[PDB]
Amino acid sequence: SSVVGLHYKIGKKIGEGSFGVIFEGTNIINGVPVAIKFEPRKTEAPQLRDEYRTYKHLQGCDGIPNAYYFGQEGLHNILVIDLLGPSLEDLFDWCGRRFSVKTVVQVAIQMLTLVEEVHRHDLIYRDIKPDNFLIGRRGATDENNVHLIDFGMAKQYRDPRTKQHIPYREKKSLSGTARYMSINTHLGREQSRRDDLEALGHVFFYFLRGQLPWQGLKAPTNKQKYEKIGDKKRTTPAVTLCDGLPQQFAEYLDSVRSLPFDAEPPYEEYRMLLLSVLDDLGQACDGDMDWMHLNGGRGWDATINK
Ligand SMILES: N#Cc1ccn2c(-c3ccncc3)c(-c3ccc(F)cc3)nc2c1
Ligand SMILES: [Cl-]
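Residues numbered from 1 in each chain as written, not as in the entry; some residues may be left out. Chains lettered and ligands numbered in written order. Heavy atoms only, no water.

- Method of determination, as given in the entry header: X-ray crystallography; reported resolution: 2.42 Å.

Written as structure tokens, this is what we have:
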């Protein structure tokens, strides 16, 4: 019996994540494709249970796939949500590992809106990376809308009934991708809303420069590696990262880096700050992205790009 979840047939294997087993599926009642995620029950890291509850909490919001099923088939935990298109990292490589100024802007306002809606539901993401932001699929109304997925690192920062922020703390091991995590994350501080925004800043400069100065650093093990990445993050100001770039990015990273621990960040001020970038360059925020031009204008291909 290959079909799982009563109504979801296993299709292609696309599994990535942190070796988390991800599969293509389709709903045999209506043929709609889905993204099936596997997980061993008797494992050393149970997480798929709470990720199922996370999508339900953010259900109905734009950019969050709908949770359809969580079951106990065989010796695997199974979560069915919406299948989506490639990640921003996938399109990044295909666009020559560099994004134009127009694309990174319109992308940044969508990511900031997604992260705002996450914090609106009393959750922080803590796993900001372009591998977790996906576009829709071809032909759909949200084909180029940027979506957010993978909430296995989502932690509550305020209670839903007294809206009080958790207390500040320290001594937390450095878990995640060190290339984009905030400076406070390297220092072992308890993450909050401001750390999901500094990591967004790192991704913006990452898309702009094609790389980051704290990339490819050599160290014996990973602690010193994670440390050695933190030094360069604090050595280089935000202006030197904005070299030859619209200075509004330097302002964005500097602002979100001086935010206090429990403060609500001015989401719409940052998005408008990034909107004004298109004013100084004479461009219209119409939607046109870099990846709408590969392969003679067809879009993105599978056997040539990936
Ligand atoms: N790096 C990387 C990466 C890229 C894509 N995904 C997906 C995904 C999401 C929607 N459609 C297709 C694939 C998932 C995922 C998460 C939960 C779930 F229940 C099903 C799939 N996890 C990852 C990791
Ligand atoms: Cl790296």
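Next comes the rest of the account.
## Quick look at the UniProt feature "binding site: ATP" (unreviewed entry) in the protein
So, point 1. Under the UniProt annotation, the feature "binding site: ATP" (unreviewed entry) is placed at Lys 37.
So, point 2. Within the secondary structure layout, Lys 37 lies in strand β3 (residues 33-38).
So, point 3. Of the polar contacts made by the side chain of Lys 37, one reaches the side chain of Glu 51; its length is 2.8 Å. (UniProt positions renumbered as here; feature names shortened; annotations may be inferred. Helix = DSSP H or I, 4+ residues; strand = E, 2+ residues; numbered from the N terminus. Polar contact = N/O pair within 3.5 Å; in protein donor to acceptor, adjacent residues only side chain to side chain.)

## Observations regarding the packing of helix α3 (residues 101-120) against helix α5 (residues 193-209)
So, point 1. Remark: α3 packs on α5, axes separated minimally by 10 Å, with the N-to-C direction vectors making an angle of 165 degrees. Taken together, the axes of α3 and α5 are roughly antiparallel relative to one another. Handedness of the crossing formed by α3 with α5: right-handed. Residue-level inspection shows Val 101, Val 104, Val 107, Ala 108, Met 111, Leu 112, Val 115 and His 119 of α3 in contact with α5, the latter providing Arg 193, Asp 196, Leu 197, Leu 200, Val 203, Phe 204, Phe 207 and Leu 208. (Axes fitted to C-alpha atoms, helices over the stretch in contact; angles between N-to-C directions. Parallel < 35°, antiparallel > 145°, perpendicular 65-115°, else oblique. Left-handed = near helix turned anticlockwise from the far one by under 90°. Contact = heavy atoms within 4.5 Å.)

## Focus on the pattern of salt bridges
Close approach of charged atoms allows side chains of opposite charge to pair.
So, point 1. Scanning the model with the defined rule gives ten salt bridges in all.
So, point 2. Here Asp 122 and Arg 158 are joined by a salt bridge, their closest N and O atoms 2.4 Å apart. One end of the pair, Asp 122, is in the loop between α3 and β6 (123-124); the other, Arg 158, is in the loop between β9 (155-156) and α4 (183-186), and 36 residues separate them in sequence.
So, point 3. Taking relative accessible area as the criterion, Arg 158 reaches 18% and is therefore assigned buried. (Salt bridge = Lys/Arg side-chain N within 4 Å of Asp/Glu carboxyl O. Buried < 20%, exposed > 50% of the residue type's maximum accessible area, 1.4 Å probe, protein only.)

## Thoughts on α5
So, point 1. Between its first and last C-alpha atoms α5 spans 25 Å; for 17 residues at 1.5 Å apiece the expected length is 24 Å, and the two agree.
So, point 2. Buried residues dominate α5, accounting for 16 of its 17 residues.
So, point 3. Phi for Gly 210, located one or two positions after α5, is positive at around 75 degrees. (Expected span 1.5 Å × (residues − 1).)

## Here's the deal with the packing of aromatic side chains
So, point 1. If you walk through the whole model with that rule in mind, you get 17 aromatic pairs.
So, point 2. Seen in terms of ring centroids, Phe 99 and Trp 291 are 5.7 Å apart; in terms of plane orientation they differ by 55 degrees. Their pairing is tilted. Here the residue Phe 99 occupies a position in the loop between α2 (88-94) and α3, and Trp 291 occupies one in the segment after α9 (267-280), the gap between them amounting to 192 residues. As far as burial versus exposure is concerned, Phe 99 and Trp 291 are alike and both buried.
So, point 3. Among the aromatic side chains, those forming a connected cluster through ring pairs are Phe 92, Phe 99, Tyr 180, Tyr 206, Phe 207 and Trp 291. (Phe/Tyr/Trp six-rings, centres within 6.5 Å; stacked < 30°, edge-to-face > 60°.)

## Overview of the sheet that holds β3
Note on sheets: strands pair through backbone hydrogen bonds, and any given pair is parallel or antiparallel.
So, point 1. Spatially, the five strands line up as an open sheet ordered β1-β2-β3-β5-β4, and their pairing is antiparallel. With one partner strand each, in any of the chains shown, β1 (8-13) and β4 (69-73) form the two edges of the open sheet. Neighbouring strand axes in the sheet, compared pairwise and without regard to direction, differ in orientation by 35 degrees on average.
So, point 2. Relative to strand β5 (residues 76-82), β3 is paired through four bridges, and the arrangement is antiparallel. Bridging from a neighbouring strand, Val 34 pairs with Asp 82 of β5. (Pairing = 2+ DSSP bridges.)

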